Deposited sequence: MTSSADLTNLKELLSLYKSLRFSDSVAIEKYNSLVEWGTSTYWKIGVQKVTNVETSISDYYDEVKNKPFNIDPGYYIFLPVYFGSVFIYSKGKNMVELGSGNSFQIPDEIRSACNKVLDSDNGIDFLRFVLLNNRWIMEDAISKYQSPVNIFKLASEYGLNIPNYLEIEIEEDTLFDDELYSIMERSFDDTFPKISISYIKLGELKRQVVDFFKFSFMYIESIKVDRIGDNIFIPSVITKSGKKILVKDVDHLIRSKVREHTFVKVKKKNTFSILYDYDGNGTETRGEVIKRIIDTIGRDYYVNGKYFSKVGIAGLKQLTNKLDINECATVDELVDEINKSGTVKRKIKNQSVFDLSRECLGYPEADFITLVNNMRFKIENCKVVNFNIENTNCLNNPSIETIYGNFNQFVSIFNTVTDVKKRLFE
């Protein structure tokens, strides 16, 4: 029937583009693989709706494209290129600009004969890109093919970290940027290596450093709190009192709906600086002893855990008092 044709065409479509698919997409992928075998025997952050309309319009401006490569870096939905089988980058960029999106600019010296990228052809490229955005990207576009083989420049070395803290990314929002040994605050791109990755201070860690910016380097073989850092972590005010906190939450209309739909372990690990990744791997490593929904004892069997318990009791208490 046509109803079956729907999910069959969907199976084919999604099978063509697994590389850019979502979690529910691969879900439908395997579910339809099974629905076919049993009948015939054989990512990024959120993009706005005012941006979703423009993106749907730009996907149709040249139907050779499959997805919209939106670089989600530092709470910024900045794209570096639109992969469209025939559409040039500048045209889609002008369309996005007429829509109000972040398109980059290109500043480089081009040569009529292709030379192999090396020390010069990467260092001078990073220094000449002239883009005031945080990225190690060295960008280029060649006429005749749409493939992307990007280049960059850095050197891997060792340094002792300073702490597990944050740098002010936006208005009353301090996004974690573990400051480098010389003093600079590293530019963390993806939430993988940006939440608390290697929170260890003074630890001799190997990273890919450059003169000004850098990136984190993962291993090859073996592998600071208070009420203040809660009020700005959901952006109501600055505070040092629980009554002030709950009253400001009452004054809000959507913040209460935000708290209502979050757990307290989440909210207390998110406003503390290490939400899940290795946290639970340690909180399972510890025996616990609680009372009245308030942790009072723990035993190992990271560093922000004592203060974490101290703010966790606080968020539990304010949630109880508000709800």
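- Gaps in the model relative to the deposited sequence occur at 1 to 2, 45 to 101, 283 to 312, 391 to 403, 426, listed in sequence order.
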